[PDB]
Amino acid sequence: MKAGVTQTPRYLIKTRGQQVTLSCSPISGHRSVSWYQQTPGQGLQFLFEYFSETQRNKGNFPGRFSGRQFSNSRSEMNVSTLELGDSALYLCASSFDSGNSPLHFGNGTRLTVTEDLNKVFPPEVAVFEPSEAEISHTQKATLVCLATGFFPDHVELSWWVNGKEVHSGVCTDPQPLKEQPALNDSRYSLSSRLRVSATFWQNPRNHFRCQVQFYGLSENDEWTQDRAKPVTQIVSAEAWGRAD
């Protein structure tokens, strides 16, 4: 009910040389706002902290990384002259007082910097219905959803059964697999499973949907390729239960 730390935007794809501005709103009543960069290669690294509209502490980033804080404690950070290695999760944390009170993190802004927007592809999404042998041997039925060929890794996969989001019986891979592990802007694949009882699967009225939200190009990004512009979109696949 009470809002936690909020961050906007959620996802960004930029080309080299561009700039971005990110915003964070602290928990109500928190006044210390901190920014961190998380990369696979360098881990979580401190950018800077703000309190009462001024920078209180700073990390070791070059001057093209900048910040500010408004009178209502909202904070922005900016990155100019973007480079590939700036691809990261940009996390903000709020605290009542960072010296003696816990840090509370947002969920981050995921930034991917690419050489070329022609590298960006939405997922193809498919559902694969259960094995007959699984149903006879176990009295259970596993559906698989595959999301493939996407770049960047800005996807959210969810399952819906009769219109209600489910978590019971689900497992989605924690990370995607690189389809060509040696290339820096390789496309990705992701799998997920939804397991239900045989009885549930055997009812043709039951409806199963695998949803993938993909966060892609802005309406302000130019696009001159023949293929469809890889905008933010949902790609989905579905199945209905089946008797014997």
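Don't overthink the numbering: it's just position in the shown sequence, from 1.
- Mean C-alpha B-factor is higher over 92 to 100 than over the other stretch, the pair under comparison being 167 to 175 and 92 to 100.
- The PDB entry reports B-factors from which the mean C-alpha value can be compared for 229 to 237 and 216 to 224; the larger average falls on 216 to 224.
- Residues shown: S66, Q180, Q211, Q45. Highest C-alpha temperature factor in the entry: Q180.
- The PDB entry assigns its highest CA temperature factor, among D116, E76, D153, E156, to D116.
- Looking at the C-alpha B-factors along this chain, the one for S192 belongs to the lowest third.
- The entry lists a Cα temperature factor for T109 that places it in the lowest third of the chain's modelled residues.
- When the modelled residues of the chain are ordered by C-alpha B-factor, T81 sits in the middle third.
- Looking at the C-alpha B-factors along this chain, the one for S52 belongs to the highest third.
- In the deposited entry, the Cα temperature factor of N206 places it in the middle third of its chain's modelled residues.
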